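pasting an experimental structure, sequence included:
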Amino acid sequence: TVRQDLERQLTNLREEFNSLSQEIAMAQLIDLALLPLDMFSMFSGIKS
Amino acid sequence: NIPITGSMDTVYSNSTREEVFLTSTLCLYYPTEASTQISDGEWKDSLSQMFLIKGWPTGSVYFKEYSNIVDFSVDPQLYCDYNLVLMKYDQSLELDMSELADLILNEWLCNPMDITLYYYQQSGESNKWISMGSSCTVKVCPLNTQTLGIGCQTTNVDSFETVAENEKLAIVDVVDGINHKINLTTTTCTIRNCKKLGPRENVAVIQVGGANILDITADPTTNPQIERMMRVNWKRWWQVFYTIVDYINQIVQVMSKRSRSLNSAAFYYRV
Amino acid sequence: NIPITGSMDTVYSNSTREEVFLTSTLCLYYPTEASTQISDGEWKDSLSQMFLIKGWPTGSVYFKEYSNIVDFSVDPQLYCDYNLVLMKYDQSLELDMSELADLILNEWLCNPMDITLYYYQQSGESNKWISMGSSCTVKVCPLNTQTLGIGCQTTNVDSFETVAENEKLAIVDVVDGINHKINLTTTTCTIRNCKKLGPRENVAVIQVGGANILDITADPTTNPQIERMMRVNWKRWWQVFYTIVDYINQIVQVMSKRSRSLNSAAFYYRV
Amino acid sequence: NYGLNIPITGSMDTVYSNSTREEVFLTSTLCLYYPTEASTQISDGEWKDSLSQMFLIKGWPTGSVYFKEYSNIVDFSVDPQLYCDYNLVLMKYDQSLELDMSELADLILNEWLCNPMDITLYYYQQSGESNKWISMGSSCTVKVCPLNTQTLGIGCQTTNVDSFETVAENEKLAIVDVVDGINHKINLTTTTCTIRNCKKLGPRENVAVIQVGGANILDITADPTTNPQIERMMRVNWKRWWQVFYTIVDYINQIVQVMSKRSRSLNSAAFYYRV
Ligand SMILES: *[C@@H]1O[C@H](CO)[C@@H](O[C@@H]2O[C@H](CO)[C@@H](O[C@@H]3O[C@H](CO)[C@@H](O)[C@H](O)[C@@H]3O)[C@H](O)[C@H]2NC(C)=O)[C@H](O)[C@H]1NC(C)=O
Ligand SMILES: *[C@@H]1O[C@H](CO)[C@@H](O)[C@H](O)[C@H]1NC(C)=O
Ligand SMILES: *[C@@H]1O[C@H](CO)[C@@H](O)[C@H](O)[C@H]1NC(C)=O
Ligand SMILES: *[C@@H]1O[C@H](CO)[C@@H](O)[C@H](O)[C@H]1NC(C)=O
Ligand SMILES: *[C@@H]1O[C@H](CO)[C@@H](O)[C@H](O)[C@H]1NC(C)=O
Ligand SMILES: *[C@@H]1O[C@H](CO)[C@@H](O)[C@H](O)[C@H]1NC(C)=O
Ligand SMILES: [Ca+2]
Ligand SMILES: [Ca+2]
Ligand SMILES: [Ca+2]
Ligand SMILES: [Ca+2]
Ligand SMILES: [Ca+2]
Ligand SMILES: [Ca+2]
Ligand SMILES: [Ca+2]
Ligand SMILES: [Ca+2]
Ligand SMILES: [Ca+2]
Ligand SMILES: [Ca+2]
Ligand SMILES: [Ca+2]
Ligand SMILES: [Ca+2]
């Protein structure tokens, strides 16, 4: 049939997010926070 | 743990060696070849009288013979309060010797595993599966989310990737976060899911043979020579035992009391 | 022990029942006739589970069969932390049952006696001689200040006053103040001069049969009843064990943890 | 609705007085329960009338003294119906009847509340230390099977009666205590012997159990740790039943001064059947 893929997990990926945090700015996180993210908006732009 | 506040100017206390020798027990695990080469059998009494000179009361020393390293690895119960494991080394026993040293030197928290039904993961870097028995031959098969094995057929056991064969004791690490199906000889070998907590203060391993080869930590990078992994060269078991007796202050100093609120009752040779 | 100053307006601390259940071991010493009537062998596991329902961990309960009262009397070793001794009553074993109960329920500080050479007094009210073995027969001969026997020729053993025979255990008390020459069957029985300290609160004895007959105190005048000497009627050993399991809260509440600096190593079943 | 919540205020000075009256009967009734052995040894049959006459001088009117004969301890333990007000039960001690005497004492000396147990259809449990099960009938072979959380019998297979554990076999009366908090499946011969879930209320103080024979063995409390001596757990020393009855008659004032008529029930049953 298919071996579709293996998929990363929390244990493998939390260190990636730790190492990904430092690129995050703060002058526009406020704007993103102010914009109301609904079920549509938050998942609209996942990997295209 | 609740805080404990102490000064940096309080005077050092007195030596606690006499108190610990009077209150504690020492216990030596040696291979049968030790007694065989000694060619005696009043020697336990002789060594007890010898320890008494340094200050271990008469009943405080317990000599627990074990057949050999691999056969001792299965279910090692350390019936004591200070444990010394003399451990002779021969080539090709490197990994099993290291396994036993890791097992006893490191503290563990283990839970049962039901191989027949569940697919099991590994929590992380401190998690392993330890299999003990007369003969363990674990065969693992990793899976997808759709339960289609990679490099193996989940229904056929031949395709499975063997990671240990015919071993009395096997500490298997596998890739963390991937479900595995296991095949291990349930009648003979019992396998348990364990987490490696901090160290065990109670046990010291005196390697008797060759190079500093023990690697307790499965991580390839760190190979730290912990203090309780002692080593000594040898030709005569009598010389080995005399060395241990004469330096027994240093050995128990290297060790320390065990601090863990256990949950598995078992026999102890306390006073 | 230093003074322990303490208030009277301190608040009651929380109940320690869960902690003692989680960090202690219960120790059931039952006769073999119990198992014979039970006619089972999953029953240890079933009772362990029924204890788990009450709070003890899965391994915290240790069952110990013994042949019968006298065979347990010879060398009673209590390899565990909270001791219950099931003790069936049948007539003509009253004294030996009382001897066993006294021995396990009181602490003894005591040392050997070389009967073949010396003469032994008794220091006071709390100084007995404990004889144990396959077949003990104490034969005492009191002496005088002239070291002449009275009611006994010091040479002819036939004139000695036998004060036990064929007993697997004898707590013999003699007139405290006279030098006694003893003959006792050295091969199959040992004797040790022992002194009675405070109670051994680790233990408690459940008399399974008829009326109150246990008299731990050799003194005729005092025959106290102790909380640790329980008595429960019986017709079925399942019923006895079930009552013990059901009321194990109360038995442990009756029984207090040991407190005595033992200078002699021995095997305990701890957590 | 006797207002069992509002407090009652006494006084610590005044006065020691009399009990005024109570009008539901002419007066109390004394009530002997003796075994057939007493009659056989006495070898009489005007003796009930003689004992009534000898009670009259002690100060009991004629109609107040009743006598009840029973076969023996085990045959009396089944449904012991105390039809009466001041009950004395002369129990001849006999070796190997220790637990049977204890069963009967625990049954009558204490006030019980019993519910039915339909064994065929339900599992059963025990709420707490105060809850026993009482099985009575001609032959009670109570085989239990405890079940873990998963409803798999521990030490027994629920579908195989043989594997069960026989807590008490072939008893006229059996007070069984299984561990409290674990479901059980029961098995006993429903044609002959019934069984009931009986909780223990306070004590029943109409009844005095007089052990006629040996030592003090009546352990009313199933707890091994406790073994109280109640004022109603009477014990007397006997060689002849005439001597026993004469002691009872002579000291009957004390016998009734130790008891209390208040704790009585309409029905004569030894327990409240709460269905
Ligand atoms: C892990 O893999 C091994 C590799 O085979 C499994 O061995 C198999 O074990 C089962 C029973 O445990 C054997 O079944 C047998 O079937 C025959 C009928 O063909 C029957 O007569 C026997 O009484 C028994 O039931 C099976 O033959 C055996 N495999 C081979 C190739 O012989 C092992 O069971 C696996 N572990 C687990 C936990 O499933
Ligand atoms: C500690 O050592 C010093 C020096 O030997 C001695 O004077 C002192 O008494 C010791 N303390 C105790 C508690 O024994
Ligand atoms: C303190 O006592 C309460 C009693 O209600 C109990 O629920 C609680 O578990 C106790 N605390 C601990 C740590 O056991
Ligand atoms: C006790 O007396 C017997 C009988 O003469 C004798 O055989 C035995 O050696 C004596 N034992 C001792 C310790 O004197
Ligand atoms: C109370 O009873 C006694 C019985 O001797 C009687 O003499 C007395 O009169 C009674 N009390 C009163 C107030 O009459
Ligand atoms: C009780 O056991 C007998 C045989 O052991 C069986 O025939 C009977 O059906 C059981 N009672 C019930 C209510 O199942
Ligand atoms: Ca493969
Ligand atoms: Ca290995
Ligand atoms: Ca791993
Ligand atoms: Ca390493
Ligand atoms: Ca004896
Ligand atoms: Ca004589
Ligand atoms: Ca004495
Ligand atoms: Ca006494
Ligand atoms: Ca009965
Ligand atoms: Ca069974
Ligand atoms: Ca109960
Ligand atoms: Ca009791």
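Perfect, thanks for sending it. Numbering: from 1, shown residues only, chains lettered A, B, ... in the order given. Ligands and ions are numbered 1, 2, ... in the order given.

can we go C-alpha only for contacts and neighbour counts from here?
Will do.

list phi and psi for the residue in chain A that ligand 11 sits nearest to.
Distance from ligand 11 to each residue of chain A (CA to the ion) is smallest for residue A:11, at 66.3 Å. Here is the backbone geometry of residue A:11 (degrees, to the nearest 10): phi -60, psi -40.

and the one 10 residues further on, by the same measure?
The phi and psi values for residue A:21, taken as degrees, to the nearest 10, are phi -60, psi -40.

that one and residue A:14, how far apart?
Counting by CA to CA, to the nearest Å, the gap from residue A:21 to residue A:14 is 11 Å.

and whichever residue of chain A sits closest to ligand 13, how many neighbours?
Proximity of chain A to ligand 13 (CA to the ion) peaks at residue A:11, 72.6 Å away. Counted with other CA atoms under 10 Å in any protein chain shown, residues neighbouring residue A:11 total 14.

wait, it sits on residue B:125?
No - the criterion here is CA atoms under 8 Å, and residue A:11 misses it with residue B:125 at 9.9 Å.

now do the contacts for residue 25.
In the absence of a named chain, this looks at chain A. If you count contacts by CA atoms under 8 Å, 6 or more residues apart in numbering or on different chains, residue A:25 has none.

try chain B instead
B:56, B:60, B:61, B:62, B:80, B:81, B:82, B:269, B:270, B:271, C:265.

which members of the residues you listed additionally contact ligand 14?
Near ligand 14, judged by CA under 5 Å from the ion, there are no entries from the contacts of residue B:25.

of these, just say which sits nearest to residue C:38.
Closest approach to residue C:38 among the contacts of residue B:25 (CA to CA): residue B:269, at 32.7 Å.

is that closest one in contact with residue C:265, as I believe?
Yes - in this structure, residue B:269 is within contact of residue C:265 by CA under 8 Å, at 6.7 Å.

show me which of the two is the more surrounded one.
Using other CA under 10 Å, the more surrounded residue of residue B:269 and residue C:265 is residue B:269, with 23 against 18.

ok, that one - contacts?
Per CA under 8 Å, 6+ apart, neighbours of residue B:269: B:25, B:79, B:80, B:81, C:265, C:266, C:267, C:268.

quick check: it vs residue D:238, distance?
Going from residue B:269 to residue D:238 by CA to CA gives 57 Å.

just to revisit the earlier point, who's in contact with the residue of chain A closest to ligand 13?
Applying CA under 8 Å, 6+ apart to residue A:11 gives the contacts B:123, B:124, B:177.

the helix or strand where residue B:110 lies: which residues count as buried?
If you go by DSSP states H and E, residue B:110 is part of strand B:106-112. Buried residues in strand B:106-112, counted by 16 or more other CA atoms under 10 Å in any protein chain shown: B:106, B:107, B:108, B:110.

beta partners for the third one?
By that I understand residue B:108. When bridges are called by DSSP bridges, residue B:108 pairs up with residue B:196.

contacts only, for residue B:92.
Per CA under 8 Å, 6+ apart, neighbours of residue B:92: none.

swap that for residue B:179, sorry
Applying CA under 8 Å, 6+ apart to residue B:179 gives the contacts B:119, B:120, B:121, B:142, B:143, B:144.

count of neighbours near the last one?
As a burial measure, the neighbour count of residue B:144 was computed by other CA under 10 Å and equals 16.

re earlier: okay, the contacts of residue B:179 in JSON lines with distance to ligand 10 next?
Compiled in JSON lines, those are given as follows (distance: CA to the ion, whole Å):
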{"residue": "B:119", "distance to ligand 10": "27"}
{"residue": "B:120", "distance to ligand 10": "24"}
{"residue": "B:121", "distance to ligand 10": "22"}
{"residue": "B:142", "distance to ligand 10": "24"}
{"residue": "B:143", "distance to ligand 10": "27"}
{"residue": "B:144", "distance to ligand 10": "29"}
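
let's have the residues you listed in JSON lines, adding secondary structure and distance to ligand 1.
Below are the contacts of residue B:179 laid out as JSON lines (DSSP: H, G, I helix; E, B strand; the rest coil; distance: CA to the nearest ligand atom, whole Å):
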{"residue": "B:119", "secondary structure": "coil", "distance to ligand 1": "12"}
{"residue": "B:120", "secondary structure": "strand", "distance to ligand 1": "14"}
{"residue": "B:121", "secondary structure": "coil", "distance to ligand 1": "17"}
{"residue": "B:142", "secondary structure": "strand", "distance to ligand 1": "14"}
{"residue": "B:143", "secondary structure": "coil", "distance to ligand 1": "16"}
{"residue": "B:144", "secondary structure": "coil", "distance to ligand 1": "20"}
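
could you check how many residues crowd around residue B:52?
So residue B:52, with other CA under 10 Å, has 16 neighbours.

quickly check: the strand or helix carrying it near chain C or not.
Per DSSP H and E: residue B:52 is located in helix B:43-54. No - with CA under 8 Å from any CA of the partner chain as the criterion, chain C is not reached by helix B:43-54; the gap is at least 13.3 Å.

from what I can see residue B:162 touches residue B:136, true?
No - taking contacts as CA under 8 Å, residue B:162 lies outside contact range of residue B:136: 10.9 Å.

and the strand holding residue B:110, what does it pack onto?
strand B:189-199 (3 or more CA pairs under 8 Å, 6 or more residues apart in numbering or on different chains; DSSP states H and E).

neighbouring strands of the helix or strand following the strand it packs on in the sheet, and parallel or not?
Sequence order places strand B:203-207 as the next helix or strand after strand B:189-199, per DSSP H and E. Note on strand B:203-207: by DSSP bridges, its sheet partners are strand B:82-87 (parallel), strand B:229-231 (parallel).

right, and those strands - which one's nearest ligand 9?
strand B:229-231 (23.2 Å).

how about residues contacting that closest one?
Contacts of strand B:229-231 (CA under 8 Å, 6+ apart): B:204, B:205, B:206, B:207, B:208, B:209, B:212.

stretch B:65-83 now?
The contact list for stretch B:65-83 (CA under 8 Å, 6+ apart) reads B:24-32, B:87-88, B:96-97, B:100, B:104, B:132-134, B:168-169, B:202-204, B:252, B:255-258, B:267-270.

what about the strands in the stretch 1-150 of chain B?
For the stretch 1-150 of chain B, the strands defined by DSSP state E, counting those that start in this stretch occupy B:26-29, B:61-63, B:82-87, B:106-112, B:127-136, B:139-142.

strands paired with the longest one, and their directions?
Based on DSSP bridges, the strands next to strand B:127-136 in the sheet, each with its direction, are strand B:167-172 (antiparallel), strand B:189-199 (antiparallel).

pull out the buried positions in it.
Buried residues in strand B:127-136, counted by 16+ other CA under 10 Å: B:127, B:128, B:129, B:130, B:131, B:132, B:133, B:135, B:136.

distance of the nearest residue to the first one once chain neighbours are set aside from residue B:122?
Read it as residue B:127. Spatial nearest neighbour of residue B:127, chain neighbours left out: residue B:195 (4.4 Å); criterion: CA to CA, 6 or more residues apart in numbering or on different chains. Separation of residue B:195 from residue B:122 (CA to CA): 9 Å.

near ligand 1, which residues of chain B are found?
Within chain B, the positions lying close to ligand 1 (CA under 6 Å from any ligand atom) are B:115, B:116, B:157, B:183, B:184, B:185, B:186.

same for chain A: which of these are within range?
When contact is defined as CA under 8 Å from any CA, those do not meet chain A at all.
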